[PDB]
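Okay, protein-v1.csv is below, CSV, C-alpha atoms:
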chain,number,residue,atom,x,y,z
A,13,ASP,CA,17.3,0.2,6.1
A,14,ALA,CA,19.7,3.2,5.9
A,15,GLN,CA,19.3,3.1,2.1
A,16,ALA,CA,15.6,3.7,2.8
A,17,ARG,CA,16.2,6.6,5.1
A,18,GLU,CA,18.5,8.2,2.6
A,19,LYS,CA,16.0,7.8,-0.3
A,20,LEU,CA,13.1,9.4,1.8
A,21,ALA,CA,15.3,12.4,2.5
A,22,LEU,CA,16.2,12.7,-1.3
A,23,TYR,CA,12.5,12.4,-2.3
A,24,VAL,CA,11.3,14.8,0.4
A,25,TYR,CA,13.8,17.3,-0.9
A,26,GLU,CA,12.5,17.0,-4.5
A,27,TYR,CA,8.9,17.4,-3.2
A,28,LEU,CA,9.8,20.7,-1.4
A,29,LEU,CA,11.2,22.1,-4.7
A,30,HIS,CA,8.2,21.1,-6.8
A,31,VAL,CA,5.6,22.2,-4.1
A,32,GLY,CA,7.0,25.7,-4.2
A,33,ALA,CA,9.0,25.5,-0.9
A,34,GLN,CA,12.5,26.1,-2.2
A,35,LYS,CA,13.9,27.9,0.9
A,36,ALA,CA,12.6,24.9,3.0
A,37,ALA,CA,14.3,22.4,0.7
A,38,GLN,CA,17.7,24.1,0.9
A,39,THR,CA,17.6,24.5,4.7
A,40,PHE,CA,16.5,20.8,5.0
A,41,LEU,CA,19.7,19.7,3.2
A,42,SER,CA,21.8,21.9,5.6
A,43,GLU,CA,20.1,20.5,8.7
A,44,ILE,CA,20.8,16.8,7.7
A,45,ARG,CA,24.3,17.6,6.3
A,46,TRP,CA,23.6,16.0,3.0
A,47,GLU,CA,26.9,15.2,1.2
A,48,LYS,CA,25.5,12.9,-1.6
A,49,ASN,CA,24.4,13.3,-5.2
A,50,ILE,CA,21.0,14.8,-6.1
A,51,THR,CA,19.1,13.5,-9.1
A,52,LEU,CA,15.7,15.3,-9.9
A,53,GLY,CA,12.6,14.2,-11.8
A,54,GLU,CA,9.6,16.1,-13.3
A,55,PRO,CA,7.0,17.7,-11.0
A,56,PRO,CA,5.3,16.8,-8.8
A,57,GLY,CA,8.0,14.1,-8.3
A,58,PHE,CA,8.2,10.5,-7.1
A,59,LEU,CA,6.8,11.0,-3.5
A,60,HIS,CA,3.6,12.8,-4.6
A,61,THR,CA,3.0,10.1,-7.3
A,62,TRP,CA,3.4,7.1,-5.0
A,63,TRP,CA,1.6,8.8,-2.1
A,64,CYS,CA,-1.5,9.5,-4.4
A,65,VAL,CA,-1.4,5.8,-5.6
A,66,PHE,CA,-1.7,4.7,-1.9
A,67,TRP,CA,-4.2,7.4,-1.1
A,68,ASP,CA,-6.6,6.3,-4.0
A,69,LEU,CA,-6.3,2.8,-2.5
A,70,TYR,CA,-6.9,4.2,1.1
A,71,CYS,CA,-10.1,6.0,-0.1
A,72,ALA,CA,-11.5,2.9,-1.8
A,73,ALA,CA,-11.8,0.9,1.5
B,14,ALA,CA,-6.3,17.4,-3.7
B,15,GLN,CA,-7.2,16.3,0.0
B,16,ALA,CA,-4.5,13.7,-0.8
B,17,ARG,CA,-2.0,16.6,-1.3
B,18,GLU,CA,-3.0,18.3,2.0
B,19,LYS,CA,-2.4,15.1,4.1
B,20,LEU,CA,1.0,14.6,2.4
B,21,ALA,CA,2.1,18.2,3.4
B,22,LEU,CA,1.1,17.5,7.1
B,23,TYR,CA,3.1,14.2,7.1
B,24,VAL,CA,6.1,15.8,5.5
B,25,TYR,CA,6.0,18.7,8.1
B,26,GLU,CA,5.9,15.9,10.7
B,27,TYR,CA,8.9,14.1,9.0
B,28,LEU,CA,11.0,17.3,9.1
B,29,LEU,CA,10.4,17.9,12.8
B,30,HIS,CA,11.1,14.2,13.8
B,31,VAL,CA,14.3,14.0,11.5
B,32,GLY,CA,15.8,17.3,13.2
B,33,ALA,CA,15.0,19.7,10.3
B,34,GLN,CA,12.8,21.9,12.5
B,35,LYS,CA,14.0,25.1,10.7
B,36,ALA,CA,12.9,23.7,7.3
B,37,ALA,CA,9.7,22.5,8.9
B,38,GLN,CA,8.8,26.0,10.1
B,39,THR,CA,9.9,27.5,6.7
B,40,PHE,CA,7.7,24.9,4.8
B,41,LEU,CA,4.4,25.8,6.5
B,42,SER,CA,5.1,29.5,5.8
B,43,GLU,CA,6.0,29.0,2.1
B,44,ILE,CA,2.8,27.0,1.3
B,45,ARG,CA,0.9,29.6,3.4
B,46,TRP,CA,-0.6,26.7,5.4
B,47,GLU,CA,-3.4,27.9,7.8
B,48,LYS,CA,-5.1,24.6,9.0
B,49,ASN,CA,-4.8,23.0,12.4
B,50,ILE,CA,-1.6,20.8,13.1
B,51,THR,CA,-1.6,17.5,15.1
B,52,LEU,CA,1.4,15.0,15.0
B,53,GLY,CA,2.3,11.7,16.7
B,54,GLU,CA,5.4,9.9,18.0
B,55,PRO,CA,8.6,9.9,15.9
B,56,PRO,CA,9.6,8.8,13.5
B,57,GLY,CA,6.1,9.7,12.1
B,58,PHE,CA,3.7,8.2,9.6
B,59,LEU,CA,5.5,9.3,6.4
B,60,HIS,CA,8.5,7.2,7.6
B,61,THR,CA,6.2,4.2,8.5
B,62,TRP,CA,4.5,4.3,5.0
B,63,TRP,CA,7.9,4.7,3.2
B,64,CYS,CA,9.5,1.6,4.9
B,65,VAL,CA,6.9,-0.8,3.5
B,66,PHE,CA,6.5,1.1,0.2
B,67,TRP,CA,10.3,1.3,-0.5
B,68,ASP,CA,10.8,-2.4,0.6
B,69,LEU,CA,8.2,-3.1,-2.1
B,70,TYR,CA,9.8,-0.9,-4.8
B,71,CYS,CA,13.4,-2.2,-4.1
B,72,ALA,CA,15.3,-0.3,-6.8
B,73,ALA,CA,17.8,2.6,-6.3
C,14,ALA,CA,-7.2,-11.3,13.4
C,15,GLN,CA,-9.8,-8.6,12.2
C,16,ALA,CA,-7.3,-8.3,9.3
C,17,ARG,CA,-8.1,-12.1,8.5
C,18,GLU,CA,-11.8,-11.5,8.6
C,19,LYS,CA,-11.8,-8.6,6.0
C,20,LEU,CA,-9.5,-10.7,3.7
C,21,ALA,CA,-12.1,-13.6,3.8
C,22,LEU,CA,-14.9,-11.2,2.8
C,23,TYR,CA,-12.9,-9.7,-0.1
C,24,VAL,CA,-11.9,-13.2,-1.3
C,25,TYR,CA,-15.6,-14.3,-1.2
C,26,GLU,CA,-16.4,-11.1,-3.2
C,27,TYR,CA,-13.5,-11.9,-5.7
C,28,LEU,CA,-14.9,-15.5,-6.2
C,29,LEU,CA,-18.5,-14.2,-7.1
C,30,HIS,CA,-17.2,-11.5,-9.4
C,31,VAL,CA,-14.7,-13.8,-11.2
C,32,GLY,CA,-17.6,-16.4,-11.9
C,33,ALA,CA,-16.6,-19.0,-9.2
C,34,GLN,CA,-20.0,-18.6,-7.4
C,35,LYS,CA,-19.9,-22.4,-6.4
C,36,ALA,CA,-16.5,-22.0,-4.7
C,37,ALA,CA,-17.8,-18.8,-3.1
C,38,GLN,CA,-20.7,-20.6,-1.5
C,39,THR,CA,-18.5,-23.6,-0.4
C,40,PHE,CA,-15.9,-21.1,1.1
C,41,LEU,CA,-18.3,-19.4,3.6
C,42,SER,CA,-19.6,-22.9,4.6
C,43,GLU,CA,-16.1,-24.4,5.1
C,44,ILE,CA,-14.9,-21.5,7.4
C,45,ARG,CA,-18.3,-21.7,9.1
C,46,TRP,CA,-18.7,-17.9,8.5
C,47,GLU,CA,-21.8,-16.4,10.2
C,48,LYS,CA,-21.3,-12.6,10.0
C,49,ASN,CA,-23.3,-10.2,7.7
C,50,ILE,CA,-22.2,-10.0,4.0
C,51,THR,CA,-22.0,-6.7,1.9
C,52,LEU,CA,-20.2,-6.4,-1.5
C,53,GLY,CA,-19.7,-3.7,-4.2
C,54,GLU,CA,-19.4,-3.6,-8.0
C,55,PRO,CA,-17.1,-6.0,-9.8
C,56,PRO,CA,-14.4,-6.6,-10.1
C,57,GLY,CA,-14.2,-6.0,-6.3
C,58,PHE,CA,-11.8,-4.5,-3.8
C,59,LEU,CA,-9.3,-7.5,-3.6
C,60,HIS,CA,-8.8,-7.0,-7.4
C,61,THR,CA,-8.3,-3.2,-6.9
C,62,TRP,CA,-5.7,-3.7,-4.2
C,63,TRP,CA,-3.9,-6.5,-6.1
C,64,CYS,CA,-3.4,-4.4,-9.2
C,65,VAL,CA,-1.4,-1.7,-7.4
C,66,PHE,CA,0.3,-4.2,-5.1
C,67,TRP,CA,1.4,-6.6,-7.9
C,68,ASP,CA,2.5,-3.7,-10.1
C,69,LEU,CA,4.8,-2.8,-7.1
C,70,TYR,CA,6.1,-6.3,-6.6
C,71,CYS,CA,6.7,-7.0,-10.3
C,72,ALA,CA,8.3,-10.5,-10.1
C,73,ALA,CA,6.7,-13.7,-11.3
D,13,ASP,CA,-2.4,-7.0,-16.8
D,14,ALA,CA,-3.4,-10.6,-17.6
D,15,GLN,CA,-0.3,-11.8,-15.8
D,16,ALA,CA,-1.7,-10.0,-12.7
D,17,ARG,CA,-5.2,-11.6,-13.0
D,18,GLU,CA,-3.5,-15.1,-13.4
D,19,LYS,CA,-1.3,-14.5,-10.3
D,20,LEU,CA,-4.3,-13.4,-8.1
D,21,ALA,CA,-6.1,-16.6,-9.0
D,22,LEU,CA,-3.1,-18.7,-8.1
D,23,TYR,CA,-2.6,-16.9,-4.7
D,24,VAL,CA,-6.4,-17.0,-4.0
D,25,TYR,CA,-6.2,-20.8,-4.6
D,26,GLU,CA,-3.2,-21.2,-2.2
D,27,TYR,CA,-5.1,-19.1,0.5
D,28,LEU,CA,-8.2,-21.4,0.2
D,29,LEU,CA,-6.0,-24.4,0.9
D,30,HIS,CA,-4.2,-22.9,3.9
D,31,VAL,CA,-7.4,-21.3,5.4
D,32,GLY,CA,-9.0,-24.8,5.6
D,33,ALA,CA,-11.3,-24.4,2.6
D,34,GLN,CA,-9.9,-27.2,0.3
D,35,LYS,CA,-13.3,-28.2,-1.3
D,36,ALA,CA,-13.7,-24.4,-2.2
D,37,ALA,CA,-10.1,-24.3,-3.7
D,38,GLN,CA,-10.7,-27.3,-5.9
D,39,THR,CA,-14.0,-26.1,-7.3
D,40,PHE,CA,-12.5,-22.6,-7.8
D,41,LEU,CA,-9.9,-24.1,-10.3
D,42,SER,CA,-12.7,-26.0,-12.1
D,43,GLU,CA,-14.8,-22.9,-12.5
D,44,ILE,CA,-11.9,-20.8,-14.0
D,45,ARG,CA,-10.6,-23.8,-16.1
D,46,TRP,CA,-7.1,-23.5,-14.8
D,47,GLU,CA,-4.7,-25.3,-17.1
D,48,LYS,CA,-1.4,-23.9,-15.7
D,49,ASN,CA,1.3,-25.0,-13.2
D,50,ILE,CA,0.6,-24.7,-9.4
D,51,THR,CA,3.5,-23.8,-7.1
D,52,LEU,CA,2.6,-23.7,-3.3
D,53,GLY,CA,4.4,-21.9,-0.4
D,54,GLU,CA,4.1,-22.3,3.4
D,55,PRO,CA,0.9,-21.3,5.3
D,56,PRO,CA,-0.7,-18.9,5.5
D,57,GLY,CA,0.7,-18.1,2.0
D,58,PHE,CA,1.6,-15.0,0.0
D,59,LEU,CA,-1.8,-13.3,-0.1
D,60,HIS,CA,-2.4,-13.3,3.7
D,61,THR,CA,1.3,-12.1,4.3
D,62,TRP,CA,1.0,-9.1,1.9
D,63,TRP,CA,-2.6,-8.4,2.9
D,64,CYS,CA,-1.6,-8.1,6.6
D,65,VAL,CA,1.4,-5.8,5.6
D,66,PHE,CA,-1.1,-3.4,4.0
D,67,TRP,CA,-3.7,-3.8,6.8
D,68,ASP,CA,-1.1,-2.9,9.5
D,69,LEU,CA,-0.4,0.2,7.3
D,70,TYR,CA,-4.2,0.9,6.9
D,71,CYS,CA,-4.7,0.8,10.7
D,72,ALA,CA,-1.9,3.2,11.4
D,73,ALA,CA,-3.6,6.1,9.6
Structure translated into C-alpha cells:
Amino acid sequence: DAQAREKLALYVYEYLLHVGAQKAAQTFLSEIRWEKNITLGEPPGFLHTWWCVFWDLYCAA
Amino acid sequence: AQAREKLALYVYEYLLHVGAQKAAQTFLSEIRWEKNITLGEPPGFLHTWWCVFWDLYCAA
Amino acid sequence: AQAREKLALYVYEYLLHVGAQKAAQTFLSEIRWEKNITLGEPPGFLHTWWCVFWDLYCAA
Amino acid sequence: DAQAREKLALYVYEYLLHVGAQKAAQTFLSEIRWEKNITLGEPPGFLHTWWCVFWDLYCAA
C-alpha cells in the first residue's frame, strides 16, 4: 500500500524529467520530502509506457 | 498523442491532491498547457489506476 | 451487474472467433440471453484485453 | 503467446461452469480438442474477478 504510493511518486518524478518539466520535478521532491534513492530509465519512462498500454485498451472498447 | 494529454491532466491532479501544489503550477507552465482544467475528489484518478496496475505488476 | 452482461457478450464473441460456434449457441440459450448481439473482427475484444492482462499477471 | 491462448481457454471453461452454462463448457472443450489438465477455483472464478477489476476501472474514467 505505502510501497505503491512511494513508487507512483518515483515514476511521476521520472515523467516530469522526460516530459521537459525539470523545475516541476525538483520542486515535487522538495514538497514530498523525498529522502530515498532515485533510479531513472529511458524516456518517456515507465508511467507513460504503462499508461499508453491501458489507454490503447481503453480506446478499443 | 491524446493519450499523452490525458496523462498530463491526471498527473497535474495527482500533484495537487498529494500536496505538491507548487510543482503542479510549475508543471502546466513548463509544458505551456493552455486547455481547460477539471479535476475530481482526492486522491485522483492517476492514484486509482496506479493501485490496480501496481498490484498487477508486483515487482519493486 | 452491467459488468457481468458485457463479459457474457465478449465470451460469446470469443467462442465464435475461436471455432467453438456450437458452445457459443448453447451458451446464449443456457443463460436465457435475450438482448441484441453485435461483434467485431476476430480474434475479439476478450482476447485483446486478455493479452495485456495476462502479460501483466505473468504466473501460470 | 500460446501459453496465453491456452490460459484464456481454461478460464473461459471455468466461467461457463460457474455461470450455469455447463453444456456449453463441455462442448467448448470438444470443439478445441483440449487434451490438458483442468484445475478449478471457486465461483465466479478468475476471469469474472479480473474482468470486474478492469470494469470498475473502466467506469471511473
task: Work out how far apart CA of residue 66 in chain C and CA of residue 62 in chain D are and give it in Å to one decimal.
output: 8.6 Å
Range 32-47 of chain C: which residues within 6 Å, counting only C-alpha atoms, same-chain residues fewer than 3 positions away excluded, as a PDB file with C-alpha atoms, in the frame of the given file?
ATOM      1  CA  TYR C  25     -15.600 -14.300  -1.200  1.00  0.00           C
ATOM      2  CA  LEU C  28     -14.900 -15.500  -6.200  1.00  0.00           C
ATOM      3  CA  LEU C  29     -18.500 -14.200  -7.100  1.00  0.00           C
TER       4      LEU C  29
ATOM      5  CA  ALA D  33     -11.300 -24.400   2.600  1.00  0.00           C
ATOM      6  CA  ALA D  36     -13.700 -24.400  -2.200  1.00  0.00           C
ATOM      7  CA  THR D  39     -14.000 -26.100  -7.300  1.00  0.00           C
ATOM      8  CA  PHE D  40     -12.500 -22.600  -7.800  1.00  0.00           C
ATOM      9  CA  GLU D  43     -14.800 -22.900 -12.500  1.00  0.00           C
TER      10      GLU D  43
END
Superimposed copy of chain A on chain D by least squares over C-alpha atoms, as a CSV table (one decimal) with C-alpha atoms, in the coordinates of the input:
chain,number,residue,atom,x,y,z
A,13,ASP,CA,-2.4,-7.0,-16.8
A,14,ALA,CA,-3.4,-10.6,-17.6
A,15,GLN,CA,-0.3,-11.8,-15.7
A,16,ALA,CA,-1.8,-10.0,-12.7
A,17,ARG,CA,-5.1,-11.6,-13.0
A,18,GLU,CA,-3.5,-15.0,-13.3
A,19,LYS,CA,-1.3,-14.5,-10.2
A,20,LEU,CA,-4.3,-13.4,-8.1
A,21,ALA,CA,-6.2,-16.6,-9.0
A,22,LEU,CA,-3.0,-18.7,-8.2
A,23,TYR,CA,-2.6,-16.9,-4.8
A,24,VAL,CA,-6.3,-17.1,-4.0
A,25,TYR,CA,-6.2,-20.8,-4.6
A,26,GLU,CA,-3.2,-21.2,-2.2
A,27,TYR,CA,-5.1,-19.1,0.5
A,28,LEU,CA,-8.2,-21.4,0.3
A,29,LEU,CA,-6.0,-24.5,0.9
A,30,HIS,CA,-4.2,-22.9,3.9
A,31,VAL,CA,-7.4,-21.4,5.4
A,32,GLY,CA,-9.0,-24.8,5.6
A,33,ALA,CA,-11.3,-24.4,2.5
A,34,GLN,CA,-10.0,-27.2,0.4
A,35,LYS,CA,-13.3,-28.2,-1.4
A,36,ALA,CA,-13.6,-24.4,-2.3
A,37,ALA,CA,-10.1,-24.3,-3.7
A,38,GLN,CA,-10.7,-27.3,-6.0
A,39,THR,CA,-14.0,-26.1,-7.3
A,40,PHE,CA,-12.5,-22.6,-7.9
A,41,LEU,CA,-9.9,-24.1,-10.2
A,42,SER,CA,-12.7,-26.0,-12.1
A,43,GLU,CA,-14.8,-22.9,-12.5
A,44,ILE,CA,-11.9,-20.8,-14.1
A,45,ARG,CA,-10.6,-23.8,-16.1
A,46,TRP,CA,-7.2,-23.5,-14.8
A,47,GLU,CA,-4.7,-25.3,-17.1
A,48,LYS,CA,-1.4,-23.9,-15.7
A,49,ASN,CA,1.2,-25.0,-13.2
A,50,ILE,CA,0.6,-24.7,-9.4
A,51,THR,CA,3.5,-23.8,-7.1
A,52,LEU,CA,2.7,-23.7,-3.3
A,53,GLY,CA,4.3,-21.9,-0.4
A,54,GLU,CA,4.1,-22.4,3.5
A,55,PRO,CA,0.9,-21.3,5.3
A,56,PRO,CA,-0.7,-18.9,5.5
A,57,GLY,CA,0.7,-18.1,2.0
A,58,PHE,CA,1.7,-15.0,0.0
A,59,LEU,CA,-1.8,-13.3,-0.1
A,60,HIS,CA,-2.4,-13.4,3.7
A,61,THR,CA,1.2,-12.0,4.3
A,62,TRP,CA,1.0,-9.1,1.9
A,63,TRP,CA,-2.6,-8.3,2.9
A,64,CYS,CA,-1.6,-8.1,6.6
A,65,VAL,CA,1.4,-5.8,5.6
A,66,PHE,CA,-1.2,-3.4,4.0
A,67,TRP,CA,-3.7,-3.8,6.7
A,68,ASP,CA,-1.0,-2.8,9.5
A,69,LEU,CA,-0.4,0.3,7.3
A,70,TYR,CA,-4.2,0.9,6.9
A,71,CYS,CA,-4.7,0.8,10.7
A,72,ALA,CA,-1.9,3.2,11.4
A,73,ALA,CA,-3.6,6.1,9.6
Counting all atoms listed in the file, chain A residues within 12 Å of chain D, as a ChimeraX atom specification: /A:66-67,69-73
field: For CA of residue 37 in chain A and CA of residue 20 in chain B, the interatomic separation in Å (one decimal)
entry: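 Answer for the CA of residue 37 in chain A to CA of residue 20 in chain B separation: 15.5 Å.
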task: Return as a list in words the residues belonging to chain C that are within 10 Å of chain B, counting all atoms listed in the file.
output: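 Applying the cut-off to the listed atoms yields residues 66, 67, 68, 69, 70 and 71 of chain C.
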Would you save the residues of that selection, restricted to C-alpha atoms, as a JSON list (two decimals), in the frame of the given file?
[["chain", "number", "residue", "atom", "x", "y", "z"],
["C", 66, "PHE", "CA", 0.30, -4.20, -5.10],
["C", 67, "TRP", "CA", 1.40, -6.60, -7.90],
["C", 68, "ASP", "CA", 2.50, -3.70, -10.10],
["C", 69, "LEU", "CA", 4.80, -2.80, -7.10],
["C", 70, "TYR", "CA", 6.10, -6.30, -6.60],
["C", 71, "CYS", "CA", 6.70, -7.00, -10.30]]
task: Kindly provide, as a PyMOL selection string, the polymer residues lying within 9 Å of (2.8, 17.4, -9.5), counting only C-alpha atoms and using the coordinates exactly as they appear in the file.
output: chain A and resi 27+30-31+54-57+60-61
Using all atoms listed in the file, what does the table of chain B residues within 8 Å of chain D look like, with each row giving the shortest atom pair and its distance in Å to one decimal, sorted by chain and ascending number, as JSON lines?
{"residue": "B:58", "atom": "CA", "partner": "D:73", "partner_atom": "CA", "distance": 7.6}
{"residue": "B:61", "atom": "CA", "partner": "D:69", "partner_atom": "CA", "distance": 7.8}
{"residue": "B:62", "atom": "CA", "partner": "D:69", "partner_atom": "CA", "distance": 6.8}
{"residue": "B:65", "atom": "CA", "partner": "D:65", "partner_atom": "CA", "distance": 7.7}
- prompt: Quick one: distance from CA of residue 59 in chain B to CA of residue 23 in chain B in Å, one decimal?
  reply: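 One can read the CA of residue 59 in chain B to CA of residue 23 in chain B distance as 5.5 Å.
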Fitted chain B, least squares over ordered Cα pairs with chain C, as a PDB file with C-alpha atoms, in the frame of the given file:
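What ended up in part.pdb:
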ATOM      1  CA  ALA B  14      -7.131 -11.282  13.345  1.00  0.00           C
ATOM      2  CA  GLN B  15      -9.778  -8.566  12.191  1.00  0.00           C
ATOM      3  CA  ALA B  16      -7.300  -8.322   9.277  1.00  0.00           C
ATOM      4  CA  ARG B  17      -8.013 -12.035   8.493  1.00  0.00           C
ATOM      5  CA  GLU B  18     -11.823 -11.545   8.644  1.00  0.00           C
ATOM      6  CA  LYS B  19     -11.784  -8.634   6.087  1.00  0.00           C
ATOM      7  CA  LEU B  20      -9.554 -10.696   3.747  1.00  0.00           C
ATOM      8  CA  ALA B  21     -12.113 -13.632   3.792  1.00  0.00           C
ATOM      9  CA  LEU B  22     -14.987 -11.167   2.873  1.00  0.00           C
ATOM     10  CA  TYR B  23     -12.919  -9.717  -0.045  1.00  0.00           C
ATOM     11  CA  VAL B  24     -11.948 -13.125  -1.296  1.00  0.00           C
ATOM     12  CA  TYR B  25     -15.664 -14.287  -1.159  1.00  0.00           C
ATOM     13  CA  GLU B  26     -16.366 -11.121  -3.182  1.00  0.00           C
ATOM     14  CA  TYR B  27     -13.513 -11.984  -5.681  1.00  0.00           C
ATOM     15  CA  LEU B  28     -14.949 -15.486  -6.259  1.00  0.00           C
ATOM     16  CA  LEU B  29     -18.446 -14.220  -7.019  1.00  0.00           C
ATOM     17  CA  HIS B  30     -17.210 -11.400  -9.407  1.00  0.00           C
ATOM     18  CA  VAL B  31     -14.671 -13.812 -11.225  1.00  0.00           C
ATOM     19  CA  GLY B  32     -17.590 -16.465 -11.909  1.00  0.00           C
ATOM     20  CA  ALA B  33     -16.573 -18.966  -9.166  1.00  0.00           C
ATOM     21  CA  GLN B  34     -19.924 -18.640  -7.384  1.00  0.00           C
ATOM     22  CA  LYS B  35     -19.923 -22.387  -6.448  1.00  0.00           C
ATOM     23  CA  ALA B  36     -16.528 -22.034  -4.694  1.00  0.00           C
ATOM     24  CA  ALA B  37     -17.743 -18.824  -3.125  1.00  0.00           C
ATOM     25  CA  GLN B  38     -20.739 -20.551  -1.531  1.00  0.00           C
ATOM     26  CA  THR B  39     -18.522 -23.562  -0.513  1.00  0.00           C
ATOM     27  CA  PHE B  40     -15.919 -21.147   1.100  1.00  0.00           C
ATOM     28  CA  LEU B  41     -18.344 -19.441   3.508  1.00  0.00           C
ATOM     29  CA  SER B  42     -19.605 -22.887   4.608  1.00  0.00           C
ATOM     30  CA  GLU B  43     -16.112 -24.387   5.156  1.00  0.00           C
ATOM     31  CA  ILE B  44     -14.905 -21.482   7.387  1.00  0.00           C
ATOM     32  CA  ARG B  45     -18.336 -21.655   9.112  1.00  0.00           C
ATOM     33  CA  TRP B  46     -18.711 -17.901   8.459  1.00  0.00           C
ATOM     34  CA  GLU B  47     -21.798 -16.422  10.283  1.00  0.00           C
ATOM     35  CA  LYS B  48     -21.327 -12.562   9.967  1.00  0.00           C
ATOM     36  CA  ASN B  49     -23.265 -10.214   7.744  1.00  0.00           C
ATOM     37  CA  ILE B  50     -22.168  -9.969   3.961  1.00  0.00           C
ATOM     38  CA  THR B  51     -22.089  -6.703   1.907  1.00  0.00           C
ATOM     39  CA  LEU B  52     -20.199  -6.428  -1.501  1.00  0.00           C
ATOM     40  CA  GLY B  53     -19.725  -3.751  -4.185  1.00  0.00           C
ATOM     41  CA  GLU B  54     -19.355  -3.529  -7.973  1.00  0.00           C
ATOM     42  CA  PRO B  55     -17.089  -6.017  -9.796  1.00  0.00           C
ATOM     43  CA  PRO B  56     -14.346  -6.621 -10.082  1.00  0.00           C
ATOM     44  CA  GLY B  57     -14.221  -5.987  -6.261  1.00  0.00           C
ATOM     45  CA  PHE B  58     -11.732  -4.529  -3.823  1.00  0.00           C
ATOM     46  CA  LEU B  59      -9.357  -7.530  -3.620  1.00  0.00           C
ATOM     47  CA  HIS B  60      -8.762  -7.065  -7.399  1.00  0.00           C
ATOM     48  CA  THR B  61      -8.296  -3.229  -6.980  1.00  0.00           C
ATOM     49  CA  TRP B  62      -5.708  -3.736  -4.118  1.00  0.00           C
ATOM     50  CA  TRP B  63      -3.870  -6.519  -6.077  1.00  0.00           C
ATOM     51  CA  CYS B  64      -3.389  -4.365  -9.269  1.00  0.00           C
ATOM     52  CA  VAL B  65      -1.373  -1.700  -7.448  1.00  0.00           C
ATOM     53  CA  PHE B  66       0.307  -4.185  -5.068  1.00  0.00           C
ATOM     54  CA  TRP B  67       1.398  -6.610  -7.878  1.00  0.00           C
ATOM     55  CA  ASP B  68       2.519  -3.647 -10.139  1.00  0.00           C
ATOM     56  CA  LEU B  69       4.719  -2.767  -7.151  1.00  0.00           C
ATOM     57  CA  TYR B  70       6.064  -6.308  -6.566  1.00  0.00           C
ATOM     58  CA  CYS B  71       6.749  -6.957 -10.341  1.00  0.00           C
ATOM     59  CA  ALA B  72       8.301 -10.429 -10.119  1.00  0.00           C
ATOM     60  CA  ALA B  73       6.754 -13.762 -11.305  1.00  0.00           C
TER      61      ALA B  73
END
message: Please determine, counting only C-alpha atoms, which residue among D:34, D:26, D:15, D:20 has the shortest atom-to-atom distance to residue 50 in chain D.
response: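 Comparing D:34, D:26, D:15, D:20 against residue 50 in chain D, the winner is D:26.
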- prompt: Got a sec: who's within 9 Å of residue 22 in chain C, counting all atoms listed in the file, leaving out chain neighbours fewer than 5 positions off, as a PyMOL selection string?
  reply: chain C and resi 17+27+41+50-52
Same residues, C-alpha atoms, output as a tab-separated table (two decimals), in the coordinates of the input:
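So selection.tsv came out as:
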chain	number	residue	atom	x	y	z
C	17	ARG	CA	-8.10	-12.10	8.50
C	27	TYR	CA	-13.50	-11.90	-5.70
C	41	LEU	CA	-18.30	-19.40	3.60
C	50	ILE	CA	-22.20	-10.00	4.00
C	51	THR	CA	-22.00	-6.70	1.90
C	52	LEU	CA	-20.20	-6.40	-1.50
